[PDB]
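Report on the structure given below.
Per-chain residue numbering starts at 1, and chain names A, B, C and D are given in the order in which the chains are listed.
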Amino acid sequence: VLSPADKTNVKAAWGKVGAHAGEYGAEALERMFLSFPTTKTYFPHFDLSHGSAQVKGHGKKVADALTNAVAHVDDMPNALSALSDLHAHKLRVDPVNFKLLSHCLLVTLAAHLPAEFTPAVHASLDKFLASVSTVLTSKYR
Amino acid sequence: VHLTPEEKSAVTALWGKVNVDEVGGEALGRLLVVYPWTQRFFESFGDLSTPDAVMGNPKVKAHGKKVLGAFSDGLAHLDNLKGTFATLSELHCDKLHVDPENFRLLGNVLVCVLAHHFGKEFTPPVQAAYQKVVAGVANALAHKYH
Amino acid sequence: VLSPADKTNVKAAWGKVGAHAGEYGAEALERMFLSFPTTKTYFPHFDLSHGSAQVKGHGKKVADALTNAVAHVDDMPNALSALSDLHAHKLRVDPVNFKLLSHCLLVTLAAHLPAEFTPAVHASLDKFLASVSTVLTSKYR
Amino acid sequence: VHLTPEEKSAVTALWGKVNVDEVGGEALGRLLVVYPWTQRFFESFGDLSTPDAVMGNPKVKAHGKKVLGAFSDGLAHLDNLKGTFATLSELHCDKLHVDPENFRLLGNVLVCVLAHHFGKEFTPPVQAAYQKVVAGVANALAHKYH
């Protein structure tokens, strides 16, 4: 259950990113890559090297899609349904792995958004991410 | 792997009662049944849709024959488990690209089938000293990841 | 998303237990106790000894409440709402810990119900347990 | 704990830049904020309802002062971490009854606050060699459980 406390919270928190979604996604991957080493097994064709237009290109993807979940947060399940599928029928990302980036996508916000990343936004940014990473696997069985 | 000189004469002597052929292949066919996030790797196995069709694609029953081969091949290598699956860990890593967690899903099923085959034989103090062999055969197999 | 495949599945699978819910609960605890040793930290007053009228008495509890979820599976969220509350306001059981028994409550079925515990019931008994252990924490934030 | 002689001059030399007092107590107050399943143990701490009231609790800001004391007290005991937290693991086990996972929630926050205090200082190749110190300070602290 997400209160409008978190919904408007992140609307202002994540709102500060905007044009930063390209870097703040691109680099939120490389954190997941360098910390947890069971998340680059999914990117074999990619590059796990600094500034690889793969991840760096991919940063405009997992992030730019996160914009629309925040926007269409009022109805995420129908906000990006083609996305909640183009996993579990195309590429499945394994539930517990979503967490391994559901907690590194906090850091690019916890560092790149200090004054904004507050103790309540932490809980409002997590709750949003604790659902975006469950709305996709809504069709896993 | 952390294991007692007591409960091992209980985690190893019931295993000789197992069938690495149908059981081993029963565990993995059951894997793609319940926890179907492991099917991305066995695409080229014909059809694994229906559960009667996964407990049987016949490549599925043949892969579970050798995947236990080693598991069986290291149930008496309990003090260097990390070393015996070694070569077998740096392969699931850049050839198949097998996520180390997958090795854990399958390790649980293999104890959920073992109880299946064994029934009451499977005592509480005995699943305990097997979980340790599986939640530990997984580590060894995920340890070679860079 | 639970199909009626699993709903009627377990209605027949779990159905075979019935009068066994007292033992098959009682002993599904002691499996979670003896395997994972971070689940008896919740039972400090209890006994983690064989046949302790605590667990044994508790076996008629987590199991006898599972009867009604299967029954009121048509509407679990409203099937045992006082239960979904009683955790995260009274005693919280910690999400990941629910799993540590969401996978040992399979074994008392996988052993005590062989002929019934099939490769499809495994997936239908898990999915039911993969939700009963999420319906309770529906109010965790 | 598995750690490089390279990235440690990067996991240990930024820490001296930390404040075990407010930061350490910032991490734990933030713990009961976001991940509130850890509040069962700090009942007798007055009121930890509101987030300004959890990050501003005196006993909460005082517990996070010493909980890092040891974390700080073992950031140079990186080759026997399992031994230095030892006595401290068989206590969270019988007295407080602190679930070993709780030690992991808090280990992540402490890296989500560290990036908070440090901003860009926190490079990608640097969170990586700290996660290892936290996802490993947790083990040591959960290792004494029977």
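The working rule: a residue touches a chain if its C-beta (ideal position, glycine included) is under 8 Å from a C-beta of that chain, and two chains touch if they have at least 3 such contacts.
Which listed pair repeats C-D comes down to matching contact pairs by residue number; over half match for A-B among B-C, A-D or A-B.
Annotation: B-C is the more contact-rich of the chain pairs B-C and A-B, by number of C-beta pairs in contact. With each centre defined as the average position of its C-alpha atoms, the distance from subunit A to subunit D rounds to 24 Å.
The centroid of the Cα atoms in subunit A and the matching centroid in subunit B are 32 Å apart. Measuring from the averaged C-alpha position of subunit B to that of subunit D gives a distance of 34 Å. Looking at subunit C, residues 123, 141 sit in touch with two or more other chains. Listed for subunit B are no residues, as none touches two or more other chains. Residues of subunit C that touch subunit A in their complex: 1, 123, 127, 130, 138-139, 141. Of all residues in subunit A, those touching subunit D in their complex are 27, 30-31, 33-36, 50, 103-104, 106-107, 110-112, 114, 117, 119-120, 122-123, 126.
Those residues of subunit B lying in contact with subunit C across their complex are 26, 29-30, 33-35, 51, 54-55, 108-109, 111-113, 115-116, 118-120, 122, 124-125, 127-128, 131. Looking at the complex, you find that subunit B touches subunit A at residues 36-37, 39-40, 93-94, 97-102, 142, 145-146. Interface residues of subunit A, counted against subunit B in their complex, comprise 37-38, 41-42, 44, 88, 91-92, 94-97, 140-141.
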